[PDB]
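**Student:** The structure that follows is given in the form of structure tokens.
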Amino acid sequence: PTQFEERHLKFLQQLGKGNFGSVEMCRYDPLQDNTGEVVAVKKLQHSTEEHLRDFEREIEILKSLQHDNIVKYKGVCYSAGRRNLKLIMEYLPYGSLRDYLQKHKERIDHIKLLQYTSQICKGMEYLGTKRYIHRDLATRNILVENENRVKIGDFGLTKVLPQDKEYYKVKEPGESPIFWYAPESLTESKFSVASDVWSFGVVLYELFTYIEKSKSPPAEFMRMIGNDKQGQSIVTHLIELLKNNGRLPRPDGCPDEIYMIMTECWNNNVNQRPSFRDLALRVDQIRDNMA
Ligand SMILES: CCc1cc(O)c(F)cc1-c1ccc2c(-c3nc4c([nH]3)CN(C(=O)c3cnc(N5CCCCC5)cn3)CC4)[nH]nc2c1
């Protein structure tokens, strides 16, 4: 069932590419008659021992997850051995929520945005039960199954909390999604349920801007940082801005109670951010009040 042989994988098209790995749309066709299931397949380009260990950890996390709002794991292809593993996930033709929302915004009202928001909270609450910190919550990493269902994707950075600590410190982090990071993640590389809640605030911001390009978190933070950037890195300007209570502005058209939720997620103190359970409850009630 979870056994996939390289000889039966047929390349259909490219679906994405990072700095060290990529995603392809393949058909898994053991009958060789083109009736096989279409799947999304991840592989690494530059396979260093550390990238390999991270990839194996991503696969172990995916094997453990079964939820309606989490992308379905199918298996792994071990044909070329440990050095060239391939991860097999369900293929979702609607793609990312970031792209789907930009494409279908004329048929996606605030009530629909809140239905997606609730599903994301539910998926996140489930991750929390397993002590998993997603670390890359963003609309580009949430996938769409249909008009009524979204699923949390890209578990490439997901970490498991230590048994006795409420945070995981990442010893050696590569290129990071800084405009979605909590301040303690930027300054101390500390990741927790509370830093996933901060990122969730940024996701909610993305949704309510309807992915208007000029309003993206990098566009707004870069404008807020200003023109006079001499002497310090962008991460340094970002750390200072957030310490001085600089925040993404309220999208025009955004309900006040939704912006209030974002501002609470963006508390500088890890211990003062809302829980995903409370976020689901609040979002569900705002959505019920709208209709
Ligand atoms: C296997 C990797 C993985 C690992 C995980 O830990 C995880 F949690 C989830 C996934 C994962 C990732 C993407 C998945 C898609 C998908 N479905 C579409 C896309 N992705 C893009 N898309 C495209 O049309 C597309 C997008 N970008 C392209 N690029 C952009 C950059 C390089 C040029 C090609 C090409 N096609 C529209 C449909 N379905 N299932 C997936 C599952």
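In the structure tokens, the first chain shown is A, the next is B, and so on; residue numbers restart at 1 for each chain, and ligands run from 1 in the order shown.
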Report as a Markdown table the residues of chain A within 10 Å of ligand 1, each with its shortest atom pair and distance in Å (one decimal), using only C-alpha atoms and all ligand atoms, ordered by chain and increasing residue number.
**Tutor:**
| residue | atom | partner | partner_atom_place_in_ligand_line | distance |
| --- | --- | --- | --- | --- |
| A:13 | CA | ligand 1 | 36 (N) | 7.2 |
| A:14 | CA | ligand 1 | 35 (C) | 5.0 |
| A:15 | CA | ligand 1 | 35 (C) | 3.7 |
| A:16 | CA | ligand 1 | 29 (N) | 4.2 |
| A:17 | CA | ligand 1 | 32 (C) | 5.3 |
| A:18 | CA | ligand 1 | 31 (C) | 8.3 |
| A:21 | CA | ligand 1 | 2 (C) | 9.3 |
| A:22 | CA | ligand 1 | 2 (C) | 7.6 |
| A:23 | CA | ligand 1 | 2 (C) | 5.4 |
| A:24 | CA | ligand 1 | 1 (C) | 7.6 |
| A:25 | CA | ligand 1 | 16 (C) | 7.6 |
| A:38 | CA | ligand 1 | 39 (N) | 9.6 |
| A:39 | CA | ligand 1 | 40 (N) | 7.0 |
| A:40 | CA | ligand 1 | 1 (C) | 4.8 |
| A:41 | CA | ligand 1 | 1 (C) | 4.6 |
| A:42 | CA | ligand 1 | 1 (C) | 4.3 |
| A:43 | CA | ligand 1 | 1 (C) | 8.1 |
| A:55 | CA | ligand 1 | 6 (O) | 9.0 |
| A:58 | CA | ligand 1 | 6 (O) | 6.4 |
| A:59 | CA | ligand 1 | 6 (O) | 7.4 |
| A:61 | CA | ligand 1 | 6 (O) | 8.6 |
| A:62 | CA | ligand 1 | 6 (O) | 6.8 |
| A:70 | CA | ligand 1 | 8 (F) | 7.5 |
| A:71 | CA | ligand 1 | 8 (F) | 5.6 |
| A:72 | CA | ligand 1 | 8 (F) | 7.8 |
| A:73 | CA | ligand 1 | 8 (F) | 7.9 |
| A:74 | CA | ligand 1 | 1 (C) | 9.8 |
| A:86 | CA | ligand 1 | 1 (C) | 8.6 |
| A:87 | CA | ligand 1 | 1 (C) | 6.1 |
| A:88 | CA | ligand 1 | 1 (C) | 6.0 |
| A:89 | CA | ligand 1 | 1 (C) | 5.2 |
| A:90 | CA | ligand 1 | 40 (N) | 5.2 |
| A:91 | CA | ligand 1 | 40 (N) | 3.7 |
| A:92 | CA | ligand 1 | 39 (N) | 3.8 |
| A:93 | CA | ligand 1 | 38 (C) | 4.3 |
| A:94 | CA | ligand 1 | 38 (C) | 5.3 |
| A:95 | CA | ligand 1 | 38 (C) | 3.6 |
| A:96 | CA | ligand 1 | 19 (C) | 6.5 |
| A:99 | CA | ligand 1 | 37 (C) | 8.2 |
| A:100 | CA | ligand 1 | 37 (C) | 9.0 |
| A:134 | CA | ligand 1 | 8 (F) | 9.9 |
| A:140 | CA | ligand 1 | 13 (C) | 9.6 |
| A:141 | CA | ligand 1 | 9 (C) | 7.7 |
| A:142 | CA | ligand 1 | 8 (F) | 8.4 |
| A:143 | CA | ligand 1 | 15 (C) | 7.0 |
| A:144 | CA | ligand 1 | 17 (N) | 8.5 |
| A:145 | CA | ligand 1 | 39 (N) | 9.0 |
| A:151 | CA | ligand 1 | 8 (F) | 8.8 |
| A:152 | CA | ligand 1 | 8 (F) | 6.7 |
| A:153 | CA | ligand 1 | 8 (F) | 3.5 |
| A:154 | CA | ligand 1 | 8 (F) | 3.5 |
| A:155 | CA | ligand 1 | 6 (O) | 3.8 |
| A:156 | CA | ligand 1 | 6 (O) | 5.2 |
| A:157 | CA | ligand 1 | 6 (O) | 8.5 |
| A:158 | CA | ligand 1 | 6 (O) | 8.6 |
**Student:** DSSP on the backbone, strand (DSSP E) only: what residues of segment 9-193 of chain A does that give? Format it as a short mmCIF file (atom, residue, chain, number, x, y, z; two decimals) with N, CA and C atoms, in the first residue's frame.
**Tutor:**
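Generated file (states33.cif):
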data_model
loop_
_atom_site.label_atom_id
_atom_site.label_comp_id
_atom_site.auth_asym_id
_atom_site.auth_seq_id
_atom_site.Cartn_x
_atom_site.Cartn_y
_atom_site.Cartn_z
N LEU A 9 6.91 5.20 -11.43
CA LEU A 9 6.64 6.65 -11.36
C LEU A 9 6.89 7.33 -12.68
N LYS A 10 5.87 7.99 -13.21
CA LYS A 10 5.92 8.69 -14.50
C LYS A 10 5.84 10.19 -14.28
N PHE A 11 6.85 10.92 -14.76
CA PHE A 11 6.87 12.36 -14.63
C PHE A 11 5.78 13.02 -15.46
N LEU A 12 4.96 13.88 -14.82
CA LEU A 12 3.92 14.64 -15.57
C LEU A 12 4.29 16.12 -15.72
N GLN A 13 4.61 16.79 -14.61
CA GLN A 13 5.01 18.19 -14.64
C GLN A 13 5.63 18.64 -13.34
N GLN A 14 6.37 19.76 -13.40
CA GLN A 14 6.97 20.36 -12.22
C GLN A 14 5.87 21.07 -11.42
N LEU A 15 5.94 21.02 -10.09
CA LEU A 15 4.97 21.68 -9.21
C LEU A 15 5.61 22.72 -8.26
N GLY A 16 6.92 22.73 -8.17
CA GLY A 16 7.60 23.65 -7.27
C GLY A 16 9.03 23.24 -7.04
N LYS A 17 9.85 24.21 -6.64
CA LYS A 17 11.27 23.96 -6.42
C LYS A 17 11.83 24.94 -5.42
N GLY A 21 15.50 21.17 -2.87
CA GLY A 21 14.56 20.13 -3.26
C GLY A 21 13.47 20.62 -4.18
N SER A 22 12.64 19.70 -4.68
CA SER A 22 11.57 20.06 -5.61
C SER A 22 10.38 19.14 -5.46
N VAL A 23 9.26 19.53 -6.05
CA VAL A 23 8.00 18.78 -6.05
C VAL A 23 7.57 18.58 -7.52
N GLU A 24 7.25 17.34 -7.90
CA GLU A 24 6.78 17.02 -9.26
C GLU A 24 5.43 16.34 -9.21
N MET A 25 4.60 16.57 -10.23
CA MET A 25 3.32 15.88 -10.36
C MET A 25 3.68 14.62 -11.13
N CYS A 26 3.44 13.42 -10.53
CA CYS A 26 3.74 12.14 -11.19
C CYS A 26 2.52 11.26 -11.25
N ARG A 27 2.52 10.27 -12.15
CA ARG A 27 1.48 9.27 -12.12
C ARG A 27 2.17 8.01 -11.54
N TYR A 28 1.54 7.34 -10.59
CA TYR A 28 2.13 6.09 -10.10
C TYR A 28 1.37 5.02 -10.85
N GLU A 37 -2.84 6.47 -10.18
CA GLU A 37 -3.16 7.69 -9.44
C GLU A 37 -2.11 8.77 -9.67
N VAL A 38 -2.55 10.02 -9.75
CA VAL A 38 -1.65 11.15 -9.85
C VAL A 38 -1.26 11.55 -8.42
N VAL A 39 0.06 11.78 -8.18
CA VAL A 39 0.59 12.10 -6.85
C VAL A 39 1.60 13.25 -6.95
N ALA A 40 1.89 13.91 -5.81
CA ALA A 40 2.90 14.95 -5.69
C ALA A 40 4.11 14.26 -5.06
N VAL A 41 5.29 14.44 -5.65
CA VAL A 41 6.48 13.75 -5.24
C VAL A 41 7.61 14.71 -4.91
N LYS A 42 8.13 14.62 -3.68
CA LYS A 42 9.27 15.46 -3.29
C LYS A 42 10.54 14.66 -3.33
N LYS A 43 11.62 15.31 -3.81
CA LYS A 43 12.96 14.75 -3.80
C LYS A 43 13.94 15.89 -3.50
N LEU A 44 15.12 15.55 -2.98
CA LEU A 44 16.17 16.55 -2.72
C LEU A 44 17.17 16.59 -3.91
N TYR A 73 -0.53 11.96 3.43
CA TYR A 73 0.70 11.23 3.16
C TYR A 73 0.32 9.91 2.49
N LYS A 74 1.05 9.54 1.41
CA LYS A 74 0.77 8.29 0.73
C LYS A 74 1.87 7.28 1.00
N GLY A 75 3.13 7.71 0.93
CA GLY A 75 4.24 6.80 1.19
C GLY A 75 5.58 7.36 0.77
N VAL A 76 6.55 6.47 0.63
CA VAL A 76 7.86 6.90 0.18
C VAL A 76 8.39 5.90 -0.81
N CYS A 77 9.20 6.38 -1.72
CA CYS A 77 9.83 5.50 -2.67
C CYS A 77 11.27 5.32 -2.20
N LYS A 86 12.20 9.50 -2.02
CA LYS A 86 11.17 10.34 -2.61
C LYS A 86 9.96 10.26 -1.70
N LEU A 87 9.34 11.39 -1.42
CA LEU A 87 8.18 11.40 -0.56
C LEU A 87 6.95 11.50 -1.43
N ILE A 88 5.94 10.67 -1.18
CA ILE A 88 4.73 10.66 -1.99
C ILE A 88 3.57 11.17 -1.18
N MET A 89 2.95 12.26 -1.68
CA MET A 89 1.79 12.90 -1.04
C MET A 89 0.64 12.93 -2.04
N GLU A 90 -0.58 13.11 -1.53
CA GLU A 90 -1.71 13.27 -2.43
C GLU A 90 -1.52 14.52 -3.29
N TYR A 132 3.89 19.00 17.80
CA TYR A 132 4.56 19.38 16.56
C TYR A 132 4.43 20.90 16.38
N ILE A 133 5.56 21.56 16.07
CA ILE A 133 5.56 23.00 15.75
C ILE A 133 5.77 23.07 14.24
N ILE A 142 -0.59 26.19 2.60
CA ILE A 142 -1.88 25.59 2.88
C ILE A 142 -2.41 25.21 1.51
N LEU A 143 -2.92 24.00 1.37
CA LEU A 143 -3.43 23.53 0.07
C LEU A 143 -4.93 23.45 0.07
N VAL A 144 -5.53 23.57 -1.12
CA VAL A 144 -6.98 23.54 -1.25
C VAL A 144 -7.45 22.22 -1.82
N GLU A 145 -8.41 21.55 -1.14
CA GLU A 145 -8.97 20.29 -1.63
C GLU A 145 -10.19 20.57 -2.51
N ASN A 146 -11.02 21.54 -2.08
CA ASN A 146 -12.20 21.97 -2.83
C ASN A 146 -12.63 23.31 -2.21
N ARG A 149 -12.88 23.11 1.64
CA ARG A 149 -11.90 22.42 2.46
C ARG A 149 -10.46 22.77 2.10
N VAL A 150 -9.72 23.18 3.12
CA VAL A 150 -8.28 23.48 2.98
C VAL A 150 -7.50 22.52 3.88
N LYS A 151 -6.20 22.36 3.60
CA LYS A 151 -5.37 21.42 4.36
C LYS A 151 -4.01 22.01 4.60
N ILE A 152 -3.48 21.83 5.81
CA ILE A 152 -2.12 22.32 6.09
C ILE A 152 -1.12 21.46 5.34
N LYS A 159 9.11 20.75 13.56
CA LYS A 159 9.90 20.22 14.65
C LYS A 159 9.02 19.63 15.75
N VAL A 160 9.58 18.67 16.49
CA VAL A 160 8.87 18.08 17.62
C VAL A 160 9.42 18.71 18.90
N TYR A 168 11.40 24.71 20.95
CA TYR A 168 12.46 24.00 20.28
C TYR A 168 13.38 25.06 19.70
N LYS A 169 14.66 25.02 20.09
CA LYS A 169 15.61 25.97 19.56
C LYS A 169 16.28 25.31 18.36
N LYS A 190 13.83 30.48 18.62
CA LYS A 190 12.96 29.69 19.48
C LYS A 190 11.59 29.53 18.86
N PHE A 191 11.17 28.29 18.70
CA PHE A 191 9.89 27.95 18.05
C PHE A 191 9.01 27.21 19.01
#
**Student:** With distances taken over only C-alpha atoms, which residue among A:253, A:128, A:201, A:231 lies nearest residue 166 of chain A?
**Tutor:** A:128
**Student:** May I have the residues within 10 Å of residue 189 of chain A as number ranges by chain, using only C-alpha atoms and disregarding those fewer than 6 positions away in the same chain?
**Tutor:** A: 167-173, 181-183
**Student:** Could you save the residues just selected, with N, CA, C and O atoms, as a PDB file, in the first residue's frame?
**Tutor:**
ATOM      1  N   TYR A 167       9.461  24.869  23.992  1.00  0.00           N
ATOM      2  CA  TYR A 167      10.056  25.433  22.791  1.00  0.00           C
ATOM      3  C   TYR A 167      11.152  24.554  22.241  1.00  0.00           C
ATOM      4  O   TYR A 167      11.778  23.775  22.967  1.00  0.00           O
ATOM      5  N   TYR A 168      11.400  24.705  20.949  1.00  0.00           N
ATOM      6  CA  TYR A 168      12.460  23.997  20.275  1.00  0.00           C
ATOM      7  C   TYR A 168      13.383  25.062  19.705  1.00  0.00           C
ATOM      8  O   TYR A 168      12.939  25.946  18.975  1.00  0.00           O
ATOM      9  N   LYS A 169      14.656  25.024  20.093  1.00  0.00           N
ATOM     10  CA  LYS A 169      15.610  25.973  19.557  1.00  0.00           C
ATOM     11  C   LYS A 169      16.280  25.311  18.361  1.00  0.00           C
ATOM     12  O   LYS A 169      16.840  24.212  18.482  1.00  0.00           O
ATOM     13  N   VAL A 170      16.208  25.973  17.208  1.00  0.00           N
ATOM     14  CA  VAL A 170      16.805  25.458  15.989  1.00  0.00           C
ATOM     15  C   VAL A 170      18.270  25.900  16.003  1.00  0.00           C
ATOM     16  O   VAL A 170      18.547  27.102  15.975  1.00  0.00           O
ATOM     17  N   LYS A 171      19.194  24.923  16.153  1.00  0.00           N
ATOM     18  CA  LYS A 171      20.642  25.159  16.249  1.00  0.00           C
ATOM     19  C   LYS A 171      21.225  25.791  14.983  1.00  0.00           C
ATOM     20  O   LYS A 171      21.954  26.779  15.088  1.00  0.00           O
ATOM     21  N   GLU A 172      20.909  25.235  13.800  1.00  0.00           N
ATOM     22  CA  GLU A 172      21.412  25.760  12.530  1.00  0.00           C
ATOM     23  C   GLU A 172      20.298  26.001  11.496  1.00  0.00           C
ATOM     24  O   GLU A 172      19.983  25.104  10.706  1.00  0.00           O
ATOM     25  N   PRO A 173      19.714  27.221  11.461  1.00  0.00           N
ATOM     26  CA  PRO A 173      18.654  27.501  10.477  1.00  0.00           C
ATOM     27  C   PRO A 173      19.165  28.131   9.173  1.00  0.00           C
ATOM     28  O   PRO A 173      19.972  29.067   9.210  1.00  0.00           O
ATOM     29  N   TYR A 181       7.729  35.206  11.025  1.00  0.00           N
ATOM     30  CA  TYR A 181       8.351  34.804  12.278  1.00  0.00           C
ATOM     31  C   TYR A 181       8.029  35.673  13.469  1.00  0.00           C
ATOM     32  O   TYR A 181       8.058  36.908  13.387  1.00  0.00           O
ATOM     33  N   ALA A 182       7.815  35.023  14.603  1.00  0.00           N
ATOM     34  CA  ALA A 182       7.615  35.713  15.882  1.00  0.00           C
ATOM     35  C   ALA A 182       8.966  36.377  16.276  1.00  0.00           C
ATOM     36  O   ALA A 182      10.023  35.913  15.814  1.00  0.00           O
ATOM     37  N   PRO A 183       8.956  37.429  17.134  1.00  0.00           N
ATOM     38  CA  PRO A 183      10.228  38.107  17.495  1.00  0.00           C
ATOM     39  C   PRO A 183      11.257  37.179  18.113  1.00  0.00           C
ATOM     40  O   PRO A 183      12.434  37.321  17.810  1.00  0.00           O
TER      41      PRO A 183
END
**Student:** Point out the residue among A:109, A:252, A:184, A:49 with the least atom-to-atom distance to residue 212 of chain A, counting only C-alpha atoms.
**Tutor:**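 Among A:109, A:252, A:184, A:49, it is A:252 that comes nearest to residue 212 of chain A.
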**Student:** Quick one: distance from atom CA of residue 287 of chain A to atom CA of residue 131 of chain A in Å, one decimal?
**Tutor:**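 Here the two named atoms are 28.4 Å from each other.
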**Student:** Env of residue 125 of chain A: 12 Å cut, atoms = only C-alpha atoms, seq-sep filter 4 positions within chain, self excluded. Answer as a VMD selection string.
**Tutor:** chain A and resid 67 69 to 70 118 to 121 129 to 134 152 193 to 194 196 to 197 200 275 to 281
**Student:** Have a look at A:139, A:233, A:209, A:35 and name the one nearest to residue 180 of chain A; count only C-alpha atoms.
**Tutor:**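 Looking at the shortest contact to residue 180 of chain A, the residue is A:139.
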**Student:** May I have the residues within 10 Å of residue 237 of chain A as an NGL selection string, using only C-alpha atoms and disregarding those fewer than 6 positions away in the same chain?
**Tutor:** :A and (221-222 or 224-226 or 229 or 231 or 243)
**Student:** Export N, CA, C and O atoms of the chosen residues as an mmCIF file, in the first residue's frame?
**Tutor:**
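Saved to again-v7.cif:
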data_model
loop_
_atom_site.group_PDB
_atom_site.id
_atom_site.type_symbol
_atom_site.label_atom_id
_atom_site.label_comp_id
_atom_site.auth_asym_id
_atom_site.auth_seq_id
_atom_site.Cartn_x
_atom_site.Cartn_y
_atom_site.Cartn_z
ATOM 1 N N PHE A 221 6.066 45.200 5.528
ATOM 2 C CA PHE A 221 7.208 45.334 6.437
ATOM 3 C C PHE A 221 8.356 46.096 5.766
ATOM 4 O O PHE A 221 8.977 46.916 6.424
ATOM 5 N N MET A 222 8.600 45.861 4.465
ATOM 6 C CA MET A 222 9.673 46.589 3.773
ATOM 7 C C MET A 222 9.404 48.084 3.678
ATOM 8 O O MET A 222 10.327 48.874 3.851
ATOM 9 N N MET A 224 7.477 49.754 5.858
ATOM 10 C CA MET A 224 7.565 50.209 7.252
ATOM 11 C C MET A 224 9.004 50.386 7.713
ATOM 12 O O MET A 224 9.299 51.324 8.451
ATOM 13 N N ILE A 225 9.900 49.504 7.260
ATOM 14 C CA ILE A 225 11.332 49.580 7.560
ATOM 15 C C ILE A 225 11.923 50.913 7.049
ATOM 16 O O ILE A 225 12.794 51.486 7.701
ATOM 17 N N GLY A 226 11.391 51.410 5.935
ATOM 18 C CA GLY A 226 11.797 52.685 5.354
ATOM 19 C C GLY A 226 12.854 52.568 4.280
ATOM 20 O O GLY A 226 13.319 51.467 3.978
ATOM 21 N N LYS A 229 17.963 52.257 4.899
ATOM 22 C CA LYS A 229 18.338 50.925 5.389
ATOM 23 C C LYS A 229 19.838 50.701 5.659
ATOM 24 O O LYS A 229 20.210 49.611 6.102
ATOM 25 N N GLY A 231 23.582 50.316 7.056
ATOM 26 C CA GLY A 231 24.182 49.885 8.315
ATOM 27 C C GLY A 231 23.684 48.599 8.944
ATOM 28 O O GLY A 231 24.381 48.025 9.784
ATOM 29 N N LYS A 243 9.868 45.274 17.961
ATOM 30 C CA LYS A 243 10.158 45.625 19.362
ATOM 31 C C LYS A 243 9.518 46.964 19.671
ATOM 32 O O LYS A 243 9.056 47.174 20.796
#
**Student:** Give the answer as one residue: which of A:4, A:126, A:179, A:116 has the shortest atom-to-atom distance to residue 148 of chain A, using only C-alpha atoms?
**Tutor:** A:116
**Student:** Atom CA of residue 204 of chain A and atom CA of residue 19 of chain A, how far apart in Å?
**Tutor:**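 These atoms are spaced 27.0 Å apart.
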**Student:** Looking only at the backbone, which of the residues in segment 112-174 of chain A does DSSP tag as alpha helix (DSSP H), as a PyMOL selection string?
**Tutor:** chain A and resi 112-129
**Student:** Could the residues in this selection be saved with N, CA and C atoms as a compact mmCIF listing (two decimals), in the first residue's frame?
**Tutor:**
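Just written: selection_21.txt:
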# COMPACT_ATOMS: atom_id res chain seq x y z
N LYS A 112 -16.53 32.77 3.88
CA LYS A 112 -15.69 31.69 3.34
C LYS A 112 -14.26 31.76 3.89
N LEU A 113 -13.68 32.97 3.97
CA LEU A 113 -12.33 33.14 4.53
C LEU A 113 -12.29 32.59 5.96
N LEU A 114 -13.39 32.84 6.74
CA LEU A 114 -13.47 32.33 8.11
C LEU A 114 -13.67 30.82 8.21
N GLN A 115 -14.34 30.21 7.20
CA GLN A 115 -14.44 28.76 7.14
C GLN A 115 -13.02 28.16 6.96
N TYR A 116 -12.20 28.75 6.05
CA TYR A 116 -10.81 28.29 5.84
C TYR A 116 -9.98 28.51 7.10
N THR A 117 -10.15 29.69 7.74
CA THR A 117 -9.45 30.03 8.99
C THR A 117 -9.74 29.02 10.10
N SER A 118 -11.03 28.62 10.25
CA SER A 118 -11.42 27.64 11.26
C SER A 118 -10.73 26.32 11.01
N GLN A 119 -10.70 25.88 9.75
CA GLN A 119 -10.07 24.61 9.36
C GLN A 119 -8.58 24.61 9.66
N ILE A 120 -7.92 25.74 9.40
CA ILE A 120 -6.49 25.90 9.70
C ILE A 120 -6.29 25.78 11.25
N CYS A 121 -7.12 26.48 12.04
CA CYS A 121 -7.05 26.37 13.51
C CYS A 121 -7.23 24.93 13.97
N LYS A 122 -8.18 24.20 13.37
CA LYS A 122 -8.46 22.80 13.75
C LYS A 122 -7.25 21.90 13.45
N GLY A 123 -6.65 22.10 12.27
CA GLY A 123 -5.45 21.34 11.87
C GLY A 123 -4.32 21.62 12.84
N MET A 124 -4.14 22.90 13.19
CA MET A 124 -3.10 23.35 14.14
C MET A 124 -3.30 22.80 15.54
N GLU A 125 -4.56 22.72 16.01
CA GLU A 125 -4.87 22.18 17.34
C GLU A 125 -4.48 20.71 17.35
N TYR A 126 -4.73 20.01 16.24
CA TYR A 126 -4.34 18.61 16.11
C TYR A 126 -2.81 18.44 16.16
N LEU A 127 -2.04 19.31 15.49
CA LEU A 127 -0.57 19.33 15.51
C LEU A 127 -0.05 19.52 16.94
N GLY A 128 -0.67 20.46 17.66
CA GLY A 128 -0.34 20.73 19.06
C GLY A 128 -0.44 19.51 19.96
N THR A 129 -1.45 18.64 19.73
CA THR A 129 -1.64 17.41 20.53
C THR A 129 -0.44 16.47 20.41
**Student:** In Å, how far is it from atom CA of residue 213 of chain A to atom CA of residue 186 of chain A?
**Tutor:**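 Result for atom CA of residue 213 of chain A versus atom CA of residue 186 of chain A: 23.9 Å, one decimal.
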**Student:** So, with only C-alpha atoms as the atoms that count, which of A:234, A:207, A:52, A:80 lies closest to residue 7 of chain A?
**Tutor:**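 Under the stated criterion, the closest residue is A:80.
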**Student:** Which residue gives the smallest distance to residue 198 of chain A among A:227, A:84, A:263, A:289, with only C-alpha atoms counted?
**Tutor:**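 Once distances to residue 198 of chain A are computed over only C-alpha atoms, the minimum belongs to A:263.
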